[PDB]
Each structure stands twice: as C-alpha cells, then as structure tokens.
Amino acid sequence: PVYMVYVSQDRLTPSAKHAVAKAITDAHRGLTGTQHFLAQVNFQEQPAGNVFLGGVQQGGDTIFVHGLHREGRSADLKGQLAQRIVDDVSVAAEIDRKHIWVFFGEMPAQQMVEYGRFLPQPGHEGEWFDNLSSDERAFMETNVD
C-alpha cells in the first residue's frame, strides 16, 4: 500500500511525521497482516492556504490521507482500517478528528508493484516474501519500525 498524506508545510515536525507514518503503518499491519516494510507513507507538503473547503480557504490544519490498496478486502475490514487511521493519526499529529479525510482506492495486485516486484493477493503475502531473493528480503528487513 501507498499512503499519500497531504499536509500544509511545516505542520508536522520531522518527529511528527515519523509518529504519524508509524501510526499508519501499525494500523495497516495489525488489521490486514501485510508486513510493515510493505507499507509506504509519502507526505505531500504544500504551503498552507491551498486546501479549499466549500470555497473557504483553510489554514494549515487539514490532513488528507489517500490510501492505495490492492483489491480483495471486505468493506467491514476497510471501514475498520479507515476509522483506526482517523483515530491514531489524530493522536500522532495532535489534531482534531474533524480535520481528517481518509479515502481508499483499490486495484488488482497484478498491476501493483513494490520493491520492483508485483504484489500478491491479500490472501498470500507470507509465502510471497520467502520466495523472493535473499538480497531483496534483506533490503526489506531494513525498513521496519
């Protein structure tokens, strides 16, 4: 999964990004079982006053999370991935919930690539990791937190 996190500039300190991007990652891993290193959190920063809202220019206190998952998960599961991400990013960012937008897109894994490899079905994963090369699995083990 790729999570695009849109935020106004200098709202999250370099430690506020780490805490939020960890909250997201633990949320995913716990709920779906996809390994930590498979999650990516990509903060898109823009100078504040670029988020309009019913024509109303906003400050720099709005966060939009765009997830990109592969298909195969129930709506039940996705509603729970979404609310936990509302609840935990509120904490790690220290921001009220009313400012959080969370959208999820889904795609067939067969047109989804991470670490230069095609992904497996959400009902796979453990097997897929082992049968990758040694150096590929080593580089993956580096990105855990």
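Residue numbers here begin at 1 and follow the sequence given.
The PDB entry records a higher mean C-alpha B factor for 48-56 than for its counterpart among 114-122 and 48-56. In this entry, the higher average B-factor at the C-alpha atoms falls on 30-38, of the pair 102-110 and 30-38. Annotation for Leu68: C-alpha temperature factor in the lowest third relative to the rest of the modelled chain, per the entry. In this PDB entry, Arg84 carries a Cα temperature factor that places it within the middle third of its chain's modelled residues.
When the modelled residues of the chain are ordered by C-alpha B-factor, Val2 sits in the lowest third. Sort the chain's modelled residues by C-alpha temperature factor and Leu77 lands in the lowest third, per the entry.
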